[PDB]
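Take a look at this one chain, the form deposited in one PDB entry, written out in structure tokens.
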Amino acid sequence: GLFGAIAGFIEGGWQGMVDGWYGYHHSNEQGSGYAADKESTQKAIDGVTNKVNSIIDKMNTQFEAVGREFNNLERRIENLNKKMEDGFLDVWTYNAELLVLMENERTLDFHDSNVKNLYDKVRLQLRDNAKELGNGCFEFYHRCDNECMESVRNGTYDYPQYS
């Protein structure tokens, strides 16, 4: 992926996180578990839903073929009529297929981007208080309890408190 996170430095996805598209796994003394990051997930849902609707709405004024009849000495205009209708059907068919391909690519890179940005959100908070393992995980120097873990997801981790 363009942003190097999905199938990149984070080797694979989590089947255990049934909660949202991106999120966290934590383990500490009290236990372990998955939790979706709700903001980034909701951001992504909105953008992807908007994209799908944009694509449908942009095509809404499409060409619509009509049955026209011609007699045996109107072959030239019958052929003209046929190539015109096919012409537009080919234009719109192409527009739909290419748009879908181009946006499929952007959607997958968007997800990649969101994962990298979520990784960086956490990294910039923790700084020297955790070791960056290089696989998407951070190994704490201090003991981080559930409240401390929640603060990292909140974006409310207090660096001075632990360094």
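Residue numbers here begin at 1 and follow the sequence given. Between two forms, the rigid core is the largest collection of C-alphas that superpose within 1.5 Å.
Quick note: we don't show the form deposited in another entry, though the next part is all about it.
Enquirer: Does residue 38 move appreciably between the shown form and the other one, meaning a CA displacement of 2 Å or more on the superposed rigid core?
Expert: The answer is no, as the C-alpha of residue 38 shifts between the shown form and the other one by less than 2 Å after core alignment.
Enquirer: Spell out whether the Cα of residue 128 moves at least 2 Å between the shown form and the other one when the two forms are superposed on their rigid core.
Expert: After core superposition, the displacement of the residue 128 C-alpha between the shown form and the other one reaches the 2 Å mark, so yes.
Enquirer: Inspect the rigid-core superposition and answer whether the C-alpha of residue 24 shifts by 2 angstroms or more between the shown form and the other one.
Expert: No; that C-alpha moves by less than 2 Å between the shown form and the other one.
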